[PDB]
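Chain by chain, the residues:
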Amino acid sequence: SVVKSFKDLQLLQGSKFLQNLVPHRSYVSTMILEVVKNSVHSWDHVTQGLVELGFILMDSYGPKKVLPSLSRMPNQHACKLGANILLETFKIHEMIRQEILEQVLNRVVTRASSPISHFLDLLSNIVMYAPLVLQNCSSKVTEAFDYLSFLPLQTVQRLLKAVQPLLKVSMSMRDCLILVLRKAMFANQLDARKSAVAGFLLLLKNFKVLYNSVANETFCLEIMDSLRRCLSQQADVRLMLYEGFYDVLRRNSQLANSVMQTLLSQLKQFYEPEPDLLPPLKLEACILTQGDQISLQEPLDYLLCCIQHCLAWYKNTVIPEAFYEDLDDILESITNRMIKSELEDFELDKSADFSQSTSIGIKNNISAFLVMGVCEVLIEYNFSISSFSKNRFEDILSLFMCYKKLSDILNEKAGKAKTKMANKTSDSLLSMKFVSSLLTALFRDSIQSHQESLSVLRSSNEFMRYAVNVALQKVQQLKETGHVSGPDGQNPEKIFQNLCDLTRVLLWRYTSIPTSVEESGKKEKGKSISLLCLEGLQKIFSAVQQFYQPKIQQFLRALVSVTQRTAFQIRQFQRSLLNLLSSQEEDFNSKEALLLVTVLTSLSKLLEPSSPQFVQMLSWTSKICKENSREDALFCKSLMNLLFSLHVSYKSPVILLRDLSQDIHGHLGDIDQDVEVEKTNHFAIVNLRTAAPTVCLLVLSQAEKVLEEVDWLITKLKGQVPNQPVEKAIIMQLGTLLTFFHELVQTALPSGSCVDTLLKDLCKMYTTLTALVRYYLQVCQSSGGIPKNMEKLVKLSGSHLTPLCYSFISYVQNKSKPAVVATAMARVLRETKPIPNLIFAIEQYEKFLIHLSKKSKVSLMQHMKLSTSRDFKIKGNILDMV
Amino acid sequence: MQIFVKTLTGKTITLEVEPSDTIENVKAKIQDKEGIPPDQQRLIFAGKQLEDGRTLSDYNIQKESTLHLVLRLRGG
Amino acid sequence: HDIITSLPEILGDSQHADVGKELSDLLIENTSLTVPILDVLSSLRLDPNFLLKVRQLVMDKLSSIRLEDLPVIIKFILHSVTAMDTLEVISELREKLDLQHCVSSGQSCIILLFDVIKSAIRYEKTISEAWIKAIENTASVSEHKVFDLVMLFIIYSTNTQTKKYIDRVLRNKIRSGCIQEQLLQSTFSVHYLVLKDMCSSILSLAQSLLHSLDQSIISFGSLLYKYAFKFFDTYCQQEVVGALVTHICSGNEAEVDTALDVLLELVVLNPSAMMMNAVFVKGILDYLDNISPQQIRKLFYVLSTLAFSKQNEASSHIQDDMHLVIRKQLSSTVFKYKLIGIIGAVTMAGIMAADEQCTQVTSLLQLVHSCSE
Amino acid sequence: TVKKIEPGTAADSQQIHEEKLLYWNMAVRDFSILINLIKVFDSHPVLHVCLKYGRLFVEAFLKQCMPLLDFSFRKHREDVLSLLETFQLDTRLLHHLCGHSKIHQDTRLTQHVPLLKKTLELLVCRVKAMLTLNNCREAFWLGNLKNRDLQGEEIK
DNA sequence: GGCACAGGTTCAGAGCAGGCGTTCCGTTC
DNA sequence: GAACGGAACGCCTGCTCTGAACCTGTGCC
């Protein structure tokens, strides 16, 4: 009943036609939370059933499909109702909250074969509400620690966040945990090492700011010595430390003098501190080769990244003394000796050809990524040091030239084999904050003191289309996973601030500079900087609405309600698409137009569906579809989808389906080979090229959505037995799309997916009519009826649709215009189905018409003709073949 | 203090009990004033079956509260 | 031996596989030093090819191993399985394992081996699922052994997401003429100490099997309860009786019939065990309005044969209480209560009639004749 | 009887294929002789019997003849064509029977029309699939069927 | 003339709905 | 009034929905 409630609510909110007819009844979700709210009066026979319902809902409908809309959206919503029922039961009934918490912990531990993300969200909510109650389950928690080497890293990393209010209180459990983690570092299973580093970094993080402080400053200095084990271990266990130390320093300041030392000695195994030896880093010690097994260990790029970030933090917030004044000279020597290294110092490009079969090619491919990362960190560092000094920007440009040299060397070596090397598309080591503050300074700095040094970077266009691409990579990385790579990379307020400050500059570069100002040619027309700023705008607009959904007020303030700001942001892309369409025909920009449509699509979802700005938006889109030719098919598909997504939230889109069917009929031809039709006046984006595989499938898909809404209405009406407006609406919808189906049945469609989707939607049409008739059976037996609406609809289905279906079937079968035998047999036994399924659906319509005609004393079968049937023959073509 | 006890035949009986007294004391009072045996008695308050070992203070029974008495005849 | 057993916490990552080779140099040198070297190679970091080699060197000599070595060996075998070598090593393991030639240290080391197997199947689905799928692929030969019952109970208890698949495999295995009484008797007579952990899982399987048709299945559902009451502790006995009263008071006609047959078999087998839990059997007298008169006859028979054993005349409380409830049932004007009173009176007089007992049956028959006049 | 007949393989001898095709031809001529008795015995139960068991015969013809026709077509083409033009002669009678059950609006008859109709259309499309897998797909013609009664007229 | 991206296709899996099997009440001569 | 046809509750088959990966076709270099 709860999942059917959620499918009701989603399908009811999806359309305006359904909201005009139905007045909203209470849903089963708000009933069950009312029950939990009303259980405070404390009849506690219920509460055990509420806990058992909550665990049933979280168990059955957890993300395991997600390791769509039909299987997705009413199965997140049932799982969130489960966790919401359990949390509300927990926050009311003080007796229960040892059997809820044990049952959650039983599912976090024994599982983690299956996803348990919903349970680790429930555990965090339970604990953060009342952290004292975990002292009731001190037995069960301490027997989860004994298994915190077999759980994966995600479980451990979040369970140990939850637990630690125990460990501030307790002392025996704390000294149990450290013992578990220290014995876990010496495991053989891979997850145990990274679980141990996650536990160590959390204990360093939140176990004092600086109990007694003298009992902390030594205790972290114990753990820190244990962490000098992990830096000796393999690459992933190192990399978790290099990414964690910045947060450790932020939340625990006084460990700084230790932590930097832990890094600095780690640097000294790979840095050769003698000048005039040209490769300043030891990359031949960062590769572990034994038994023809070649592995990266000690990712030096992330080490330099971590040293740079902690150094900048120490300079910024600590100072307002020997380790950092050394490290400045270390990084400066690394910079100055990295600039004048010409790839013969790392044995690259001529002694190596980067072949990923030989060990030497794999080693060179690893060291290539190493030197690229090192150059990226040094670009960020040289930008960091000076207030815009012209020497260090030339240094930045030379480092980028080395980076781009290695990048296009790997591009040349990736041009022979398949493009499976996604390790070249490995994330840049620029922090999101730096790429924000770099693009801002690149595109929006007019201060004359800075301008001479910035003109070194603005002159080189490759640097610009690197430093835009990197921000595109960052926002794409926020789309895929909910957090980005760098420092403050999981802290959503900082990600929101950097997305606002990326949007502000990308809009400026797209707006203030058009695409027609180019001097670049086709190679750079594929990747023009205006187009990349528009693409980043499309990814930002998309990725705000997933995550920063409450803040779409404040996100628009960065650039009066949501509708006015969204409309003003819409109008710029609207004018830009008009300027791109109306102006040129010759070789018009397909990509820019297509993702302008994508930007407008993402932006139109923020308008209120009854607003005047929504109405002018729908009117503009309809006028664009009514005017422009635009022979490119994907752009047409994107425009029509934008039009339908706008239209279905305003009113039922059956008249638009009818008009598009009439244009398809006019364009594609006719079955009989002599019927003269042309009705192009309706919609202009329909061609001989366009309409056949592209507008046909799209209009059929929208027909299916209309038929789904009508079938849901009929099924709801069959529940009750208020009525007459619902039946009049159903009959008007069905008559309109019956005319729609008529025009497509007569049409001379191609022999691909268009004919098959038509046949399947005709079965869906007839099934919907069969369900209407079978509903009228229930009513008309009681009183006497079939009013003139239903009789007229039956007459229309008999005259216009059905005999044309028969002639269309004969057209499909008569039309006849290298094969692996098993797949060929599978193909033909697939293709033998949809004509019989249409024949069955017609005959089962007529049979329920017979039933109705008998027990209503009105002969509805006098409208329809006698069923046409078909016989095959075989001709004398078999003598030619054999 | 005073409470009401309503049984299945609609008979309402007034009981003079203190919240410190246990539930079998209330069943003994029903045995004295109505003759119904305490093993057959079953007491319901606010949709909760009263246990024997508790008192009125465990179930938050205040002044003029209404109990429901049903007769649990094992076989008949 | 102490130097060997301490090697995982000493050595760093740069020196594993070297000591990987040289420990195997000591492995062929002595057969007295097989097991600490095997535990160390189970706990160190090794490449899978060498691990495959040493796994073959273990697996060829599996029959020449006394039970004391068998946990630390089999752990090593269940943490050397690859993603591709699952079914082969599981089938070879289930073939080669005897558990009979080894059989006070034996039972304890058997419990250690089953602890090891529970730890191996807990967190790696690739061994549990392949073990279940390697049992139904030996449905052909009727000669599978005690191990495949205990292992199905273990995987049914431990892993929750494979419960339905184990249930379906057990139904389609028992309908094939496979696992029957002669396996279950040997299982619950030998492996009673290992299964004594999983009382609740065994009774859940019995409850799930009693609900169906196909009297061969319901036979197994009865015999599971029977053997669980036979071998386990007093707490599991109490839980068995609770489950049986749950089947009687709730379930349908086949369920009530089967559970009453089981209670009759357990009171005729062990009255002294049922006398501790006789209040739970007394608890069926609340639900006489839900039970068919034939099952009323059977219920009164099992209760009244429980009450009238000679050594349990110190526990006369049930004997006076059911006399009370019979005289209460008979004293009703309603025919539906008088029917149950008459049935209980006659069956009670019959069981208690195998000089004062003659006067007792005299009084009982005279009172039922007086009220039934 | 006819559901128990199994189609062979191409590895099987041509003698077993020939005897199976003779066996099928016997069943089709018996089915035609059985169906043709409709016209002289028109009632509720005789029409009910042929409506149910007609589709149950055609489904057996679909599942356990058409693989044999797919196998043995390049060798025994004339037998296959003779079999199909024989099966058409009572398939037409079943179509007229479905029509007769619709026209006299008889509920107890009409409940078995849609699965029979679906099954005859499956038969047509399965013949097209046969010619597709035997590389004569452009020989499969079609054409409408005159609406006759049980005796044979043109009701219009 | 080859490589990369897109889109189709095909297979594998899983879950549930509808149709047939038993059992009883309505309807038609 | 009798007999034969319409009607409901449970279990099995298959069909469809969906995803994932492969592969093939087309366009640009």
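Residues numbered from 1 in each chain as written, not as in the entry; some residues may be left out. Chains lettered and ligands numbered in written order. Part of a larger assembly, values for the part shown. Heavy atoms only, no water.

cryo-EM is the method the PDB entry lists for this structure, together with a resolution of 3.6 Å.

Topic: the overall build of chain A
Helix and strand counts for chain A come out as 39 helices and three strands. Projected onto its principal axes, the C-alpha positions of chain A cover 100 × 75 × 70 Å. Out of the 882 residues in chain A, the part that is buried amounts to 51%. The averaged location of the 86 negative side-chain charges in chain A is 7 Å from the averaged location of its 97 positive side-chain charges. (Helix = DSSP H or I, 4+ residues; strand = E, 2+ residues; numbered from the N terminus. Buried < 20%, exposed > 50% of the residue type's maximum accessible area, 1.4 Å probe, protein only. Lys, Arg positive; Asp, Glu negative; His and termini not counted. Charge placed at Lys NZ, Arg CZ, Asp CG, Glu CD.)

Observations regarding the interface of chain A and chain D
Often the size quoted for an interface is simply the accessible area lost on bringing the parts together. Contacts between the two partners involve 40 residues from chain A, matched on the other side by 40 residues from chain D. Between chain A and chain D the total buried area reaches about 4200 Å² when both faces are included, carbon and sulfur atoms providing 63% of it. A salt bridge links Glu843 of chain A to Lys117 of chain D, with the shortest nitrogen-to-oxygen separation between them at 2.7 Å. Applying the counting criterion to the chain A and chain D interface returns 10 residue pairs in polar contact. Of all the elements in the fold, those that place two or more residues in the side of chain A that touches chain D are α36 (788-814), α37 (821-831), α38 (834-854), β3 (869-870) and α39 (878-881) of chain A. It is α38 of chain A that contributes the most residues to the side of chain A that touches chain D, 13 residues altogether. Across the side of chain A that touches chain D, the residue classes break down as 17 nonpolar, 14 polar and nine charged. Here two bridges tie β3 of chain A to strand β1 (residues 144-145) of chain D, and the two strands are oriented antiparallel to one another. Of the residues in β1 of chain D, the one forming a bridge with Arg870 of chain A is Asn144 of chain D. (Contact = heavy atoms within 4.5 Å. Buried area = accessible area lost by both parts, 1.4 Å probe. Salt bridge = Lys/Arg side-chain N within 4 Å of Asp/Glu carboxyl O. Polar contact = N/O pair within 3.5 Å; in protein donor to acceptor, adjacent residues only side chain to side chain. Nonpolar A, V, L, I, M, F, W, Y, C, P; charged D, E, K, R; others polar. Pairing = 2+ DSSP bridges.)

Focus: helix α23 (residues 469-480) of chain A
Here α23 of chain A contains 12 residues, and its C-alpha end-to-end distance of 16 Å stays within 8% of the 16 Å for a straight helix at 1.5 Å per residue. On its buried face, α23 of chain A sits against α20 (432-443), α22 (461-467), α24 (492-512) and α26 (529-547) of chain A. (Expected span 1.5 Å × (residues − 1).)

Observations regarding the arrangement of the chains
Contacts are most numerous, across the four pairs of chains in contact, for chains A and D. Looking at chain B next to chain D, you find no contact at all, with the nearest C-alpha pair sitting 54 Å apart.

Things to note about the sheet that holds strand β1 (residues 2-7) of chain B
All names here are of chain B. The four strands are arranged β2-β1-β4-β3 in an open sheet whose pairing can be described as mixed. Looking along the sheet, the strands with just one partner apiece sit at the ends: β2 (12-16) and β3 (41-44). Ignoring strand direction, the axes of neighbouring strands in this sheet form an average angle of 30°. In terms of strand pairing, β1 meets β2 through five bridges, oriented antiparallel. From the neighbouring strand, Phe4 faces β2, where its bridge partner is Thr14. (Axes fitted to C-alpha atoms, helices over the stretch in contact; angles between N-to-C directions.)

Remarks on the interface of chain C and chain A
The interface of chain C with chain A comprises 15 residues on the first partner and 15 residues on the second. Buried surface at the junction of chain C and chain A, summed over both partners, amounts to about 1300 Å²; 39% is from carbon and sulfur atoms. The largest share of the area that chain C buries against chain A comes from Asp13, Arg45 and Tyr123 of chain C, three residues that together contribute 46% of it. Across the chain C-chain A interface, the total number found is one salt bridge. Counting the contacts that link chain C with chain A gives seven residue pairs in polar contact. Secondary structure elements with two or more residues in the side of chain C that touches chain A: α2 (7-10) and α4 (35-43) of chain C. At three residues, the largest contribution of residues to the side of chain C that touches chain A is made by α2 of chain C.

Quick look at the protein's contact with DNA strand E
Close contacts around DNA strand E come from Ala414, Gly415, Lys416, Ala417, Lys418, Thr419, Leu634, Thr823, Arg827 and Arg830 of chain A together with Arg108 of chain D, and that covers them all. Considering the 4 Å shell around the protein, atoms of DNA strand E inside it are sugar or phosphate in 100% of instances. Within the backbone of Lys416 of chain A, an N or O atom sits 3.3 Å from a phosphate oxygen of DNA strand E. Side-chain polar atom of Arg830 of chain A to a phosphate oxygen of DNA strand E: 2.8 Å apart, as the coordinates give it. Of the residues assigned to the surface near DNA strand E, the class counts are three nonpolar, three polar and five charged. (Near = heavy atom within 4 Å.)

Brief notes about the nonpolar core
It is characteristic of soluble globular proteins that their nonpolar side chains tend to be buried jointly. Core analysis: the biggest nonpolar cluster contains 284 residues, and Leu123, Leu227, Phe573, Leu734, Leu737, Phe741 and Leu772 of chain A have the highest contact counts within it. Looking at which element gives the most residues to this core, the answer is helix α35 (residues 753-780) of chain A, with 16 residues. Contacts of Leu123 of chain A, omitting those with residues within four sequence positions, involve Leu101, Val104, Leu105, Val108, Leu159 and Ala162 of chain A. Membership of the second largest hydrophobic core comes to 127 residues, among which are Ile166, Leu195, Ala243 and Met322 of chain C. (Core = buried A, V, L, I, M, F, W, Y, C linked by side-chain atoms within 4.5 Å.)

What to know about a positive patch on the surface
Taken together, the side chains of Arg827, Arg830 and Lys833 of chain A together with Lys63 of chain D present a region of like positive charge at the surface. For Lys63 of chain D, the position within the fold is in helix α2 (residues 44-64). You can call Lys63 of chain D exposed: its relative accessible area is 59%. (Patch = residues over 30% accessible without salt bridge, like charges linked within 9 Å, V, L, I, M, F, W, Y side chains within 5 Å. Areas by Shrake-Rupley, 256 points an atom, 1.4 Å probe, with all protein chains shown as cover.)

Things to note about the pattern of salt bridges
A complete count under the given rule lists 47 salt bridges over all chains for this structure. With a shortest N-O distance of 3.2 Å, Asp871 of chain A and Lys873 of chain A are connected by a salt bridge. A residue is classified by how much of its surface remains accessible, and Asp871 of chain A, at 10% relative accessible area, is buried. As a salt-bridge pair, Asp289 of chain C and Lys336 of chain C come within 2.8 Å of each other at their nearest N and O atoms. Of the two residues, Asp289 of chain C sits in the loop between α19 (278-282) and α20 (293-307) while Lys336 of chain C sits in helix α22 (residues 335-352), which places them 47 residues apart along the sequence. Judged by relative accessible area, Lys336 of chain C falls into the partly exposed class, the value being 34%. One connected set of salt bridges, linked through shared partners, spans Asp247, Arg250, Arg251 and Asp488 of chain A.

Considering the pairing of strand β4 (residues 66-71) of chain B
Residues and elements named next belong to chain B. One ladder, built from four bridges, connects β1 with β4; its direction is parallel. Bridge assignment links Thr7 to a residue of β4, and that residue is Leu69. Sheet topology note: the β3/β4 ladder contains four bridges and is antiparallel. Bridge pairing in β4 links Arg42 to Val70.

So, unusual backbone geometry
Residues and elements named next belong to chain C. Although it is not a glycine, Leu99 sits at a positive phi angle of roughly 60°. Along the chain, the position of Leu99 falls in the loop between α7 (86-96) and α8 (105-122). Using a relative accessible area of 7% as the deciding quantity, one classes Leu99 as buried. Its identity as a non-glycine residue notwithstanding, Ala354 has a phi of 60°, on the positive side.

What about the packing of helix α1 (residues 2-13) of chain A against helix α5 (residues 73-90) of chain A?
All names here are of chain A. One can describe the packing of α1 onto α5 by two numbers: an axis separation of 9 Å at closest approach and a directional angle of 130°. Compared by their axis directions, α1 and α5 come out oblique. Considering the relative orientation of α1 and α5, their crossing is right-handed. In contact with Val2, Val3, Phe6, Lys7 and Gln10 of α1, α5 contributes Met73, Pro74, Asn75, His77, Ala78 and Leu81. Within the contact of α1 with α5, the residues separate by chemical class into seven nonpolar, three polar and one charged. (Parallel < 35°, antiparallel > 145°, perpendicular 65-115°, else oblique. Left-handed = near helix turned anticlockwise from the far one by under 90°.)

Describing a nonpolar patch on the surface
Residues and elements named next belong to chain D. A cluster of nonpolar side chains, contributed by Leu34, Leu37, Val40, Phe41 and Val46, occupies part of the molecular surface with about 510 Å² of accessible area. Tracing the chain through its elements places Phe41 in the loop between α1 (14-35) and α2. Among the residues examined, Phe41 registers a relative accessible area of 53% and is labelled exposed.

Some details on the packing of aromatic side chains
Applying the stated criterion across every chain yields a total of 39 aromatic pairs over all chains. The interplanar angle of 35° and the centroid separation of 6.1 Å between the aromatic rings of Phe808 of chain A and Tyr811 of chain A together place this pair among those described as tilted. Of the two residues, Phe808 of chain A and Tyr811 of chain A both sit in helix α36, three residues apart, roughly one turn of that helix. Comparing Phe808 of chain A with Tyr811 of chain A, the two get one shared label, buried. Grouping aromatic residues by their ring pairs yields a cluster made of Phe496, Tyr510, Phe541, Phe547, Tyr548, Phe555 and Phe573 of chain A. The cationic tip of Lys626 of chain A hangs over the ring face of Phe683 of chain A; the distance from NZ or CZ to the ring centre is 4.2 Å. Lying across the ring of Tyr53 of chain D, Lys52 of chain D places its NZ or CZ 5.6 Å from the centre. (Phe/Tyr/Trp six-rings, centres within 6.5 Å; stacked < 30°, edge-to-face > 60°. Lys NZ or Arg CZ within 6 Å of the ring centre and 35° of its normal.)

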